[PDB]
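In the form solved without the partner chain, a lone chain appears below as structure tokens.
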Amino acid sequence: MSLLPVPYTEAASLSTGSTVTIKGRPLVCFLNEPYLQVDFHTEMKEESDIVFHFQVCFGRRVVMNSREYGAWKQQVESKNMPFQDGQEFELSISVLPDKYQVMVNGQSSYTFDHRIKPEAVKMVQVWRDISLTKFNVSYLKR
């Protein structure tokens, strides 16, 4: 169905048991190194701090980080690449007690230990070289 705006911004609250579900596809072939970025922000402003930064270079690598009082922290780099050239993906990001868990097409693929409480999140931004059909944050839990 319908394409969502990219960059995509949604005001958001997160806590343990929250799930962020993203369905999209890369705009171009992996040879051209399309990117995907998901940022969990502390304010609606784009320049605000990032509790969780998740950046895919499709076909190549993923980096995760935080941006705290305007400054990037220690980068985690992964060469794990479950994403398939030319294919629609479903990303789900689960807020566990101790970490974010990133599922790609139902497969556990990345985790990132909380550096800031997930309750600090006020906004989620999904951007770079993708089309987006689905975005959901669950709000079912106390």
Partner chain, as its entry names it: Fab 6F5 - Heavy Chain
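Numbering follows the first chain given and starts at 1.
Comparing the deposited coordinates for 34-42 and 78-86, the stretch with the larger average C-alpha B-factor is 78-86.
Looking at mean Cα B-factors across 120-128 and 10-18, the upper value is held by 10-18. Across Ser94, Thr111, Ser66, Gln55, the greatest Cα temperature factor reported in the deposited entry is at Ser94.
Only in words, not in the display: the form deposited with the partner chain bound, which the text now covers.
By the criterion of a heavy atom within 4.5 Å, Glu90 is excluded from the residues contacting the partner chain in the entry with it bound. Along 45-83, these residues reach a heavy atom to within 4.5 Å of the partner chain in the entry with it bound: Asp49, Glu68, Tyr69, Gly70, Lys73.
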